[PDB]
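Peer 1:
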Amino acid sequence: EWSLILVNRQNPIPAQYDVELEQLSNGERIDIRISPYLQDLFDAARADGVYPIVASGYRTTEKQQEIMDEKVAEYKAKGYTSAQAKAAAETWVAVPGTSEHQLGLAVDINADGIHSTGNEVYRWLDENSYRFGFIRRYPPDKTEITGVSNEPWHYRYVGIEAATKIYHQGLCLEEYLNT
Ligand SMILES: [Zn+2]
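Under PDB author numbering, the first residue of the sequence shown carries the number 88, and numbering increases by one thereafter.
Here it is as structure tokens:
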């Protein structure tokens with residue numbers, strides 16, 4: 088049940104949540120408990136000609152604050168007021184303390200580019216990640232529940248058992264944890 092912890096705008100991360108982190112090959116940090124499942128996920132893809140990379144894993148509070156601030160600045164640079172920019176940014180970037188990147192269980196996956204395209208890696212993960220305990224966290228048809236826009240790059244570890252049941256039923260994490 089530890090891998091089924093929900094962190095949303097409706098469910099802030101507890102400040103008691105300390106994560107045992109290990110450093111990936113690219114310097115990014117993840118929870119040590121998802122490490123072999125993540126390694127298996129990438130070995131699987133590379134066997135099918137898909138070459139994925141971890142663009143973002145664990146993030147400190149200030150790190151999320153930096154990402155939010157730059158996103159806000161983008162909207163302000165395009166005629167949005169402070170309030171409008173922040174409101175528009177919160178739909179893409181999570182408020183510092185509501186991001187599951189602070190859990191260390193979430194990874195932003197991109198293509199390496201030189202072997203696979205962005206489309207190829209995202210579609211392979213869409214139909215294979217569940218077998219290794221990872222789910223496409225923010226579906227385009229579940230944006231009203233997750234409160235987050237379409238992010239085909241964001242994947243969250245929930246465990247093989249949960250991910251399989253989530254994928255087969257076509258639900259998101261919020262719906263799955265709903266009785
Ligand atoms: Zn993400």
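Note that beta-carbon positions come from the ideal geometry of N, C-alpha and C, so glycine has one too.
Going by the C-beta, is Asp213 closer than 7 Å to any heavy atom of ligand 1?
Peer 2: Counting from 1 along the sequence shown, the entry for residue 213 is found at position 126. Flag unset: Cβ of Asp213 not near ligand 1.
Peer 1: Spell out the partners DSSP gives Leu91 in its beta bridges.
Peer 2: For the purposes of this step, residue 91 is taken as residue 4 along the sequence shown, with counting starting at 1. Paired residue(s): none; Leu91 is not in a bridge.
Peer 1: Return helix, strand or coil for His241, following the three-state DSSP convention.
Peer 2: Against the sequence shown, residue 241 aligns to sequence position 154. DSSP places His241 in strand when its eight states are reduced to three.
Peer 1: For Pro226, which of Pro239, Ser90, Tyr217 has the nearest alpha-carbon?
Peer 2: Locating residue 226 in the sequence shown gives position 139, counting from the first residue. Of the candidates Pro239, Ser90, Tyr217, the one whose C-alpha sits nearest the C-alpha of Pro226 is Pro239.
Peer 1: Verify the contact flag: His188, CB atom, against every heavy atom of ligand 1, threshold strictly below 7 Å.
Peer 2: Within the sequence shown, residue 188 is the residue found at index 101, counting from 1. True, at least one ligand heavy atom lies under 7 Å from that Cβ.
Peer 1: Would you kindly check if the distance between the Cβ of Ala142 and the Cβ of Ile196 is under 8 Å?
Peer 2: Within the sequence shown, residue 196 is the residue found at index 109, counting from 1. Within the sequence shown, residue 142 is the residue found at index 55, counting from 1. Yes, the pair counts as a contact, with Cβ atoms nearer than the cut-off.
Peer 1: Return yes when at least one heavy atom of ligand 1 lies under 7 Å from the C-beta of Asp195, else no.
Peer 2: For the purposes of this step, residue 195 is taken as the residue at position 108 of the sequence shown. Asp195: yes, Cβ under 7 Å from ligand 1.
Peer 1: Nearest to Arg146 by CA position, among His241, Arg116, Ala250, is which residue?
Peer 2: The residue labelled residue 146 in the question sits at position 59 within the sequence shown. Ranking the options by Cα distance to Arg146, first place goes to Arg116.
Peer 1: How long is the line joining the alpha carbons of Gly184 and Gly136, rounded to whole angstroms?
Peer 2: Mapped onto the sequence shown, residue 184 falls at position 97. Mapped onto the sequence shown, residue 136 falls at position 49. Rounded to whole angstroms, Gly184 to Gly136 spans 37 Å at the Cα level.
Peer 1: Assign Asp118 to one of three DSSP states: helix, strand, or coil.
Peer 2: On the sequence shown, residue 118 is found 31 positions in, with the first residue counted as 1. Residue state, collapsed to three classes: strand.
Peer 1: Please classify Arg223: does DSSP put it in a helix, a strand, or coil?
Peer 2: Start at 1 with the first residue of the sequence shown, and residue 223 comes out as number 136. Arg223: strand per DSSP, three-state reduction.
Peer 1: Can you round the beta-carbon distance between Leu260 and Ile222 to whole angstroms, since I take them to be within the 8 Å contact cut?
Peer 2: To locate residue 260, count along the sequence shown from 1; it is residue 173. To locate residue 222, count along the sequence shown from 1; it is residue 135. Going by Cβ atoms, the distance from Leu260 to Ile222 rounds to 7 Å, so yes, they are a contact pair.
Peer 1: Quick one: grab the DSSP three-state call for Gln110.
Peer 2: As a working note, residue 110 is residue 23 in the sequence shown. Here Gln110 sits in strand by DSSP.
Peer 1: Taking buried to mean at least 16 other C-beta atoms within 10 Å of its own C-beta, is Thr204 buried or exposed?
Peer 2: Walking along the sequence shown from the start, residue 204 turns up at place 117. The residue is exposed, with fewer than 16 neighbouring Cβ atoms inside 10 Å.
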